[PDB]
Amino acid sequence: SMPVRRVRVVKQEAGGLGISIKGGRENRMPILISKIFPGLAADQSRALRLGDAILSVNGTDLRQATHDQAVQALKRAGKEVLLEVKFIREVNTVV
């Protein structure tokens, strides 16, 4: 229930977003940013966070994307992307 943020990232002409993602519909997991590489495109936006859920990219919805579908969508979204993201507050409870 964290607010959604719409975040611009501009890729290098010879490069990508400068993140890793995990997750995907095949495991009922959202697409999440698992790494932001220092000084690369997403890091230069200063607007993304480790653990942000990527909900969509340039009008392409990723809330129910498989991992491979998310990867393709982000890779093909063009040189400038508007990402809709929502931070996931992870709570770990000992039980």
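When you see a residue number, it is the position in the sequence shown, counting from 1.
- Comparing the deposited coordinates for 1 to 9 and 86 to 94, the stretch with the larger average C-alpha B-factor is 86 to 94.
- Per the deposited record, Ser34 carries the highest C-alpha B-factor of all listed residues (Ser45, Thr66, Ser34, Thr60).
- Of the candidates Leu55, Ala70, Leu50, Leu40, it is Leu50 whose Cα B-factor is highest according to the PDB record.
- In the PDB entry, a CA B factor belonging to the highest third of its chain's modelled residues is recorded for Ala14.
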